[PDB]
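Data block below; observations after.
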Amino acid sequence: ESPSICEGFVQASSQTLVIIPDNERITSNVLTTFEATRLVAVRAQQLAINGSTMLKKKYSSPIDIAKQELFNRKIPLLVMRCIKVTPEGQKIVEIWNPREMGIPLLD
Amino acid sequence: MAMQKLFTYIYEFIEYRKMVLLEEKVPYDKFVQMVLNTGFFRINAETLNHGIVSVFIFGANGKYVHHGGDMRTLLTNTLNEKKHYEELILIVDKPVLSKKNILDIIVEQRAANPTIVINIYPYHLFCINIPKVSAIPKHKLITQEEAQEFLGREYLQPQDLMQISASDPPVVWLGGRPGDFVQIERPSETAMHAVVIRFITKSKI
Amino acid sequence: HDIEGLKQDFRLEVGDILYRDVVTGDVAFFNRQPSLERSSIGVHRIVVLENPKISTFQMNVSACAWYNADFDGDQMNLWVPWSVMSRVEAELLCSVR
Amino acid sequence: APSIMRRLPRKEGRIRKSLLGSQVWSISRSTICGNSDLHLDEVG
Amino acid sequence: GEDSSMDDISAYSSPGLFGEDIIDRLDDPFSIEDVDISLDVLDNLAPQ
Ligand SMILES: [Mg+2]
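As given, the protein sequences belong to chains Z, X, P, Y and D, one line each in that order. Residue 89 in the entry's author numbering sits at position 49 of the first sequence, with consecutive numbering throughout. Residue 161 in the entry's author numbering sits at position 161 of the second sequence, with consecutive numbering throughout. Residue 470 in the entry's author numbering sits at position 83 of the third sequence, with consecutive numbering throughout. Residue 331 in the entry's author numbering sits at position 36 of the fourth sequence, with consecutive numbering throughout. Residue 1227 in the entry's author numbering sits at position 26 of the fifth sequence, with consecutive numbering throughout.
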């Protein structure tokens, strides 16, 4: 009996974001090439949809502007890294800063 | 010639487990004839926990490895002895492990006696100094507190770690109960030896 | 809108999307099947051969080791990333260097 | 006739053809050929 | 005894192969069933 829904606790309990203190993070302080590439791609798409920038040197493509923002440490994004899914509905992340963190080769 | 090798390496295993003997050591001849006639050689060991561990070296084709009534009688009467009896160990021939009725009596007495742990091992576990084998890296049991510290630093529940059966020869020689952690120093062609921590699960039947 | 029906538009607003041709310098994925190796798909900078009589994909010979290819008649798929995200990723992550 | 379940398995099935792979737009295929005057990271 | 009307035409197509009744189920070790290549791209699998 029952249509697989009435007893179905399908709605997962909402999670609370716990941010690990800045002195407790144990992940690399250097952007992995995946993370740097994702940051550049997100920033460049957002410049395509919006167009605003903090650069002084004006470029003719959002890719170049986002790449320089990552290189010149003005990209307005925060890489958050998540390490847990606790049964207590408590997602454990540590929010890193791409401006403070090192930058891989990418070239 | 598994009898002589088993006879020397069981005592080496008792020494490896950091246990003391409650009796005097008979020689090879008395051991083998008593095994052949009685059907088992019983060895008592005392641990630092002041618990008692008994080992039963069953015969290859004796009276005790074929019929469940006698095996049941042995377990019932030996487990009511007033020793602390931390762990009981049965060392039997390899083909005996497939024989069902012995496994049934083993599990029945395990369920009947909760606090006592019973394990039945084949001969090949105690026919060689297992920790001294070249191919076997160095296993060591980390305490619960340091394992918990390692897990909490790693944000890992114990079930996340790689599993190792409690019947693994190095773990058996170490004396690893299920639910405990074993740290391993495995040689590596890449990093020149590396350390892993494995979770001990329930043994084989 | 098609570009041949826009004789009177002449205006591209901010936020308009234009689909321009692939020019020399653009990045493009270059793949030979079967894709056994990690290098079987890589990104090459486009060199547009403006000779209309040429229809083959041209690669440096030393670049064949990436795809285990030869020129005995092999065919390789090529697609140009058009989205900003895929272009960034292609030049920063999948470049043959 | 091919039923619902026959659509799933095998290479040409739903999974191994439509899900694990896909057909795409904006992709071109052609015969490769050598070009000694192209950089290793360049395609003609 | 001479019923050419109801005759198993499945045997009219003569069994010109030795092992026909036997059935092989394992994957044929010559097929592209588990490999993924398209037509005119199978030329890349040519010699060399
Ligand atoms: Mg070829």
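For each residue, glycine too, the CB sits at the ideal point set by N, CA and C.
**Study point:** Contact check, X:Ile10 vs X:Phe150, beta carbons under 7 Å
**Key:** Here the question's residue 10 of chain X lines up with position 10 in the second sequence. Here the question's residue 150 of chain X lines up with position 150 in the second sequence. No.
Exercise for review: Would you mind telling me which residues of chain D sit closer than 9 Å to P:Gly460, beta carbon to beta carbon, in chain order?
Suggested key: Along the third sequence, one-based indexing puts residue 460 of chain P at 73. Within chain D, the residues near P:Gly460 are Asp1244, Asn1245 and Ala1247.
Point to revise | CA nearest to the CA of X:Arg72, picked from X:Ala45, X:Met19, X:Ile106 and X:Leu97 | key: Translated into the one-based positions of the second sequence, residue 72 of chain X becomes position 72. That would be X:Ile106, whose Cα lies nearest to the Cα of X:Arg72.
Check your understanding: Name the DSSP beta bridge partners of Z:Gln130, please?
Key -> Here residue 130 of chain Z corresponds to residue number 90 of the first sequence, with the count starting at 1. Answer is Z:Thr56 and Z:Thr126.
Exercise for review: Between the Cα of X:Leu22 and those of X:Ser54, X:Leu36 and X:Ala60, spot the shortest distance and give me the residue it belongs to.
Suggested key: The residue labelled residue 22 of chain X in the question sits at position 22 within the second sequence. Considering only alpha carbons, the answer is X:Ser54.
Check your understanding: Using 8 Å as the Cβ pair cut-off and three pairs as the minimum, do the segment 80–87 of chain Z and the segment 458–476 of chain P touch?
Key -> These segments touch.
Exercise for review: Check X:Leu21 in the structure and name its three-state DSSP category.
Suggested key: Counting from one through the second sequence, the residue named residue 21 of chain X turns up at place 21. Three-state DSSP puts X:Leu21 in a strand.
Point to revise | Within chain Y, partners of P:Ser449 - CB distance below 9 Å | key: The residue you call residue 449 of chain P lines up with position 62 of the third sequence. Residues of chain Y whose Cβ lies closer than 9 Å to the Cβ of P:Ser449 are, in chain order, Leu335.
Check your understanding: Beta carbon of Z:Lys131, beta carbon of Z:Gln55: below 7 Å?
Key -> As a working mapping, residue 131 of chain Z is identified with position 91 in the first sequence. As a working mapping, residue 55 of chain Z is identified with position 15 in the first sequence. Taking 7 Å as the Cβ cut-off, Z:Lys131 and Z:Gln55 qualify as a contacting pair.
Point to revise | Sequence ranges, alpha helix (DSSP H) only - wholly within the segment 159–200 of chain X, length at least 4 | key: Unbroken alpha helix (DSSP H) stretches of 4 residues or longer found wholly inside the segment 159–200 of chain X: 169–174, given in chain order.
Check your understanding: Apart from the five residues just before and just after X:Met34, which ones in its own chain have a Cβ nearer than 8 Å to its Cβ?
Key -> Taking the first residue of the second sequence as position 1, residue 34 of chain X is located at position 34. Annotation for X:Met34: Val26 and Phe41 place their beta carbon closer than 8 Å to its own, counting only its chain and skipping 5 residues before and after.
Point to revise | Beta bridge counterpart(s) of X:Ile43 as assigned by DSSP | key: What you label residue 43 of chain X is simply residue 43 of the second sequence in a count that begins at 1. Per DSSP, the beta bridge partners of X:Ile43 are X:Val55.
Review point. From Z:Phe49, Z:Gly48, Z:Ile45 and Z:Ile89, pick the residue whose C-alpha is nearest to that of P:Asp403; which is it?
Key: Taking the first residue of the third sequence as 1, we reach residue 403 of chain P at position 16. The shortest C-alpha separation from P:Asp403 is found at Z:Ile89.
Point to revise | Sheet register partners of P:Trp466 (DSSP bridge) | key: Locating residue 466 of chain P in the third sequence gives position 79, counting from the first residue. The partner list for P:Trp466 (beta bridge, DSSP) reads P:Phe416.
**Study point:** Residue range of the unbroken beta strand (DSSP E) whose run includes P:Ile390
**Key:** By 1-based counting over the third sequence, the position of residue 390 of chain P is 3. Looking at the DSSP string, P:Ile390 is not in any beta strand (DSSP E), and its letter there is neither H nor E.
Exercise for review: Would you identify the three-state DSSP class for Y:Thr326, choosing helix, strand or coil?
Suggested key: Counting from 1 along the fourth sequence, the entry for residue 326 of chain Y is found at position 31. The answer is strand: DSSP assigns Y:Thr326 an E or B state.
Point to revise | Status (buried if at least 16 other CB within 10 Å, exposed otherwise) for X:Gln144 | key: Taking the first residue of the second sequence as position 1, residue 144 of chain X is located at position 144. Classification for X:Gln144: exposed.
Check your understanding: When the Cα atoms are used, what is the spatial distance from P:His431 to D:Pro1216?
Key -> Mapped onto the third sequence, residue 431 of chain P falls at position 44. Mapped onto the fifth sequence, residue 1216 of chain D falls at position 15. C-alpha separation (whole angstroms): 56 Å.
Point to revise | Segment limits, alpha helix (DSSP H) that includes X:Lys94 | key: What you label residue 94 of chain X is simply residue 94 of the second sequence in a count that begins at 1. Run containing X:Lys94: none; DSSP gives neither H nor E here.
Review point. Cβ of D:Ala1247 versus every heavy atom of ligand 1: is any distance shorter than 6 Å?
Key: For the purposes of this step, residue 1247 of chain D is taken as residue 46 along the fifth sequence, with counting starting at 1. At least one heavy atom of ligand 1 sits closer than 6 Å to the Cβ of D:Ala1247.
Exercise for review: Determine the burial state of Z:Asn69: buried for a count of at least 16 other Cβ atoms within 10 Å of its Cβ, exposed for fewer.
Suggested key: To locate residue 69 of chain Z, count along the first sequence from 1; it is residue 29. Residue environment analysis places Z:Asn69 among the exposed positions, since fewer than 16 neighbouring C-beta atoms fall within 10 angstroms of its C-beta.
Check your understanding: Would you say D:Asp1209 touches ligand 1, meaning its beta carbon is less than 6 Å from a heavy atom?
Key -> Here the question's residue 1209 of chain D lines up with position 8 in the fifth sequence. Every heavy atom of ligand 1 is 6 Å or more from the Cβ of D:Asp1209, so no.
Exercise for review: Determine, using beta carbons only, whether Z:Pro138 and Z:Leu79 come nearer to each other than 7 Å.
Suggested key: Start at 1 with the first residue of the first sequence, and residue 138 of chain Z comes out as number 98. Start at 1 with the first residue of the first sequence, and residue 79 of chain Z comes out as number 39. It is a contact, given that the beta carbons lie within the stated cut-off.
Check your understanding: When the Cα of Y:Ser323 is compared with those of P:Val483, P:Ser470 and P:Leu465, which residue comes out closest?
Key -> Taking the fourth sequence and counting its residues from 1, the one referred to as residue 323 of chain Y is at position 28. Here the closest residue by C-alpha is P:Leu465.
Exercise for review: Using alpha carbons as the reference points, say which of X:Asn119, X:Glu185 and X:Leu36 lies closest to X:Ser165.
Suggested key: Within the second sequence, the letter at position 165 stands for residue 165 of chain X. It is X:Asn119 whose Cα lies nearest to the Cα of X:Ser165.
**Study point:** Under 8 Å by beta carbon: chain D residues contacting Y:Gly308
**Key:** Against the fourth sequence, residue 308 of chain Y aligns to sequence position 13. When 8 Å is used as the limit between beta carbons, Y:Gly308 is near no residue of chain D, the shortest such separation being about 11 Å.
Check your understanding: For P:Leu479 versus Z:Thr77, is the C-beta distance shorter than 7 Å?
Key -> By one-based count along the third sequence, residue 479 of chain P stands at place 92. By one-based count along the first sequence, residue 77 of chain Z stands at place 37. For the pair P:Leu479 and Z:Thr77, the CB atoms are nearer than the 7 Å cut-off.
Review point. X:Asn129 to Y:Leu335, Cα distance in whole Å?
Key: Within the second sequence, the letter at position 129 stands for residue 129 of chain X. Within the fourth sequence, the letter at position 40 stands for residue 335 of chain Y. Distance between the alpha carbons of X:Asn129 and Y:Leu335: 58 Å.
Exercise for review: Can you say whether X:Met19 is buried or exposed, counting buried as having 16 or more other CB atoms within 10 angstroms of its CB?
Suggested key: The count along the second sequence starts at 1 and reaches residue 19 of chain X at position 19. Around the beta-carbon of X:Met19, 16 or more other beta-carbon atoms lie within 10 Å, marking it buried.
Check your understanding: Around the C-beta of X:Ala112, are 16 or more other C-beta atoms found within 10 angstroms, so that it is buried, or is it exposed?
Key -> Numbered from 1 along the second sequence, position 112 holds the residue referred to as residue 112 of chain X. X:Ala112 is exposed by the Cβ-count criterion.
Point to revise | Selection from X:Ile102, X:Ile116 and X:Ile184 that minimises the alpha carbon distance to X:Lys138 | key: Walking along the second sequence from the start, residue 138 of chain X turns up at place 138. The shortest Cα separation from X:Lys138 among X:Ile102, X:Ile116 and X:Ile184 belongs to X:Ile184.
Check your understanding: Applying the criterion that 16 or more other CB atoms from any shown protein chain within 10 Å of the CB defines a buried residue, is residue 206 of chain X buried or exposed?
Key -> Absent from the model: residue 206 of chain X. The displayed extent of chain X is 1 to 205, so no value can be given.
Exercise for review: Could you name the residues that DSSP lists as bridge partners for Z:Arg121?
Suggested key: Mapped onto the first sequence, residue 121 of chain Z falls at position 81. Z:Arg121 pairs with Z:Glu134.
Review point. In terms of DSSP beta bridges, what is Y:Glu337 paired with?
Key: In the fourth sequence, the residue the question calls residue 337 of chain Y occupies position 42. Y:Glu337 pairs with P:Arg432.
Point to revise | Partners in chain Y for D:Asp1228, counting only beta-carbon separations shorter than 7 Å | key: By 1-based counting over the fifth sequence, the position of residue 1228 of chain D is 27. Residues of chain Y with a Cβ closer than 7 Å to the Cβ of D:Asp1228 do not exist, since the nearest Cβ in that chain sits about 11 Å away.
Review point. Thinking just about the alpha-carbon of each residue, which of X:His66, X:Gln163 and X:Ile91 is nearest to the one in X:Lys5?
Key: Translated into the one-based positions of the second sequence, residue 5 of chain X becomes position 5. Out of X:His66, X:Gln163 and X:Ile91, X:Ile91 has the C-alpha closest to the C-alpha of X:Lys5.
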